[PDB]
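Peer 1: Submitted below is the structure of interest, expressed as structure tokens.
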Amino acid sequence: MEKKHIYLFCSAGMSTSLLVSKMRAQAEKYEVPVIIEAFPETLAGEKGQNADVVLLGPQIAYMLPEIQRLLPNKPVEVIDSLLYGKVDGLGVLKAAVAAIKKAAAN
């Protein structure tokens, strides 16, 4: 079954969980076949290798150049501060899908 990988990275992996949970619940509601999981930044190399998009917490946004260095062939984007503060699952899900498409096409 065609499924895309959206992996989220922050220092510990735990505060992002609620955003992931909401993104998942809306992905279920709108029958979007995607795997959305959160991990610590240490596994950015190892797990990012199988990501279709890598999403970063605004708190580790300064590490975008360094993770870009780690994963130069994978679209690596930061989650918008306001969307994260608002915890708007759909907004972030759309941005993730949009980034996948700004890699595969467009």
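In the structure tokens, chains take the letters A, B, ... in the order shown, each chain's residues start at 1, and ligands count up from 1 in the order shown.
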Counting only C-alpha atoms, what is within 7 Å of residue 75 of chain A, bar same-chain residues fewer than 6 positions away, as a PDB file with N, CA and C atoms, in the first residue's frame?
Peer 2:
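Output file around_10.pdb is given in full below:
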```
ATOM      1  N   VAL A  53      10.021  13.276   3.623  1.00  0.00           N
ATOM      2  CA  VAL A  53      10.326  14.622   4.128  1.00  0.00           C
ATOM      3  C   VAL A  53      10.664  14.537   5.617  1.00  0.00           C
ATOM      4  N   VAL A  54      11.635  15.378   5.963  1.00  0.00           N
ATOM      5  CA  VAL A  54      12.110  15.594   7.338  1.00  0.00           C
ATOM      6  C   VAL A  54      11.610  16.973   7.776  1.00  0.00           C
ATOM      7  N   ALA A  99       5.852  19.687   0.426  1.00  0.00           N
ATOM      8  CA  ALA A  99       7.309  19.524   0.345  1.00  0.00           C
ATOM      9  C   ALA A  99       7.715  18.246  -0.392  1.00  0.00           C
ATOM     10  N   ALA A 103       9.461  18.067  -4.364  1.00  0.00           N
ATOM     11  CA  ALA A 103      10.601  17.158  -4.553  1.00  0.00           C
ATOM     12  C   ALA A 103      10.351  16.169  -5.693  1.00  0.00           C
TER      13      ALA A 103
END
```
Peer 1: As a ChimeraX atom specification, please: all residues of segment 26-96 of chain A that backbone DSSP puts in strand (DSSP E or B).
Peer 2: /A:34-40,53-56,76-78
Peer 1: Which residues are near segment 70-74 of chain A? Cut-off 12 Å, only C-alpha atoms, ignore same chain within fewer than 5 positions. Put them as number ranges by chain.
Peer 2: A: 5-7, 41-55, 63-65, 99-100, 102-104
Peer 1: Please dump the current selection as a short mmCIF file (atom, residue, chain, number, x, y, z; two decimals), in the first residue's frame; keep N, CA, C and O atoms.
Peer 2:
```cif
data_model
loop_
_atom_site.label_atom_id
_atom_site.label_comp_id
_atom_site.auth_asym_id
_atom_site.auth_seq_id
_atom_site.Cartn_x
_atom_site.Cartn_y
_atom_site.Cartn_z
N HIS A 5 6.50 8.66 4.16
CA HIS A 5 7.17 8.82 5.46
C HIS A 5 7.50 10.28 5.77
O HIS A 5 8.26 10.96 5.09
N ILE A 6 6.84 10.75 6.83
CA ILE A 6 6.97 12.10 7.38
C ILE A 6 7.53 11.94 8.80
O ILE A 6 6.83 11.58 9.74
N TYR A 7 8.83 12.21 8.91
CA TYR A 7 9.54 12.10 10.18
C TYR A 7 9.92 13.47 10.76
O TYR A 7 10.49 14.33 10.10
N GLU A 41 16.93 14.18 17.46
CA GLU A 41 17.82 14.71 16.42
C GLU A 41 19.04 13.84 16.11
O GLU A 41 19.50 13.79 14.97
N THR A 42 19.47 13.05 17.09
CA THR A 42 20.56 12.08 16.99
C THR A 42 20.38 11.05 15.87
O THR A 42 21.32 10.74 15.14
N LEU A 43 19.12 10.71 15.62
CA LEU A 43 18.73 9.72 14.60
C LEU A 43 18.33 10.33 13.26
O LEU A 43 17.87 9.64 12.35
N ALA A 44 18.68 11.60 13.08
CA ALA A 44 18.43 12.37 11.85
C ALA A 44 19.09 11.75 10.61
O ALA A 44 18.43 11.63 9.58
N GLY A 45 20.32 11.28 10.77
CA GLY A 45 21.03 10.54 9.72
C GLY A 45 20.33 9.22 9.42
O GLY A 45 19.52 9.14 8.50
N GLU A 46 20.32 8.39 10.47
CA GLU A 46 19.93 6.98 10.40
C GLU A 46 18.51 6.75 9.86
O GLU A 46 18.28 5.95 8.96
N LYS A 47 17.57 7.49 10.43
CA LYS A 47 16.14 7.39 10.07
C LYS A 47 15.71 8.32 8.94
O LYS A 47 14.95 7.89 8.07
N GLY A 48 16.35 9.48 8.83
CA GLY A 48 16.08 10.47 7.78
C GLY A 48 16.35 9.94 6.37
O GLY A 48 15.68 10.33 5.41
N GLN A 49 17.21 8.94 6.30
CA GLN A 49 17.55 8.19 5.08
C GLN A 49 16.35 7.53 4.39
O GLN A 49 16.30 7.44 3.17
N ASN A 50 15.36 7.16 5.20
CA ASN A 50 14.11 6.57 4.72
C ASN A 50 12.90 7.51 4.77
O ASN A 50 11.83 7.16 4.28
N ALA A 51 13.14 8.76 5.15
CA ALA A 51 12.11 9.80 5.12
C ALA A 51 11.95 10.35 3.71
O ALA A 51 12.90 10.39 2.93
N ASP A 52 10.69 10.64 3.38
CA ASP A 52 10.32 11.36 2.15
C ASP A 52 10.31 12.87 2.39
O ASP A 52 10.55 13.64 1.46
N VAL A 53 10.02 13.28 3.62
CA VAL A 53 10.33 14.62 4.13
C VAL A 53 10.66 14.54 5.62
O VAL A 53 10.15 13.71 6.37
N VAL A 54 11.63 15.38 5.96
CA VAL A 54 12.11 15.59 7.34
C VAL A 54 11.61 16.97 7.78
O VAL A 54 11.83 17.99 7.12
N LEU A 55 10.88 16.94 8.89
CA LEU A 55 10.36 18.16 9.53
C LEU A 55 11.01 18.39 10.90
O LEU A 55 11.18 17.49 11.71
N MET A 63 19.79 24.26 13.32
CA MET A 63 20.41 23.00 12.89
C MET A 63 19.97 22.52 11.50
O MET A 63 20.54 21.57 10.98
N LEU A 64 19.08 23.26 10.84
CA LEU A 64 18.71 23.02 9.44
C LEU A 64 19.92 22.95 8.52
O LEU A 64 20.06 21.86 7.96
N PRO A 65 20.88 23.87 8.50
CA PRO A 65 22.11 23.73 7.70
C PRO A 65 22.86 22.42 7.96
O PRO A 65 23.20 21.71 7.01
N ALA A 99 5.85 19.69 0.43
CA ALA A 99 7.31 19.52 0.34
C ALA A 99 7.71 18.25 -0.39
O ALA A 99 8.53 18.30 -1.31
N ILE A 100 6.97 17.17 -0.15
CA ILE A 100 7.12 15.89 -0.87
C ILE A 100 6.90 16.14 -2.36
O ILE A 100 7.65 15.65 -3.21
N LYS A 102 7.11 19.10 -3.86
CA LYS A 102 8.12 20.04 -4.37
C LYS A 102 9.50 19.39 -4.48
O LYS A 102 10.55 20.03 -4.56
N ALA A 103 9.46 18.07 -4.36
CA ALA A 103 10.60 17.16 -4.55
C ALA A 103 10.35 16.17 -5.69
O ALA A 103 11.24 15.91 -6.51
N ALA A 104 9.20 15.50 -5.64
CA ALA A 104 8.73 14.56 -6.67
C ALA A 104 8.32 15.19 -8.00
O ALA A 104 8.22 14.49 -9.00
#
```
Peer 1: Residues at most 12 Å from segment 19-35 of chain A, counting only C-alpha atoms, excluding those fewer than 3 positions away in the same chain, as a PyMOL selection string?
Peer 2: chain A and resi 1-9+13-16+38-39+50-53+55+57+79+83-97+100
Peer 1: Name the residues of chain A that fall into helix (DSSP H, G or I) according to DSSP on the backbone, using the chain letters and numbers of this document, as a PyMOL selection string.
Peer 2: chain A and resi 17-29+41-48+58-70+81-86+89-104
Peer 1: Could you state the separation of atom CA of residue 36 of chain A and atom CA of residue 12 of chain A in Å, given to one decimal place?
Peer 2: 16.2 Å
Peer 1: Please, what distance in Å, to one decimal, runs between atom CA of residue 68 of chain A and atom CA of residue 11 of chain A?
Peer 2: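 Computing the Euclidean distance for atom CA of residue 68 of chain A and atom CA of residue 11 of chain A yields 16.3 Å.
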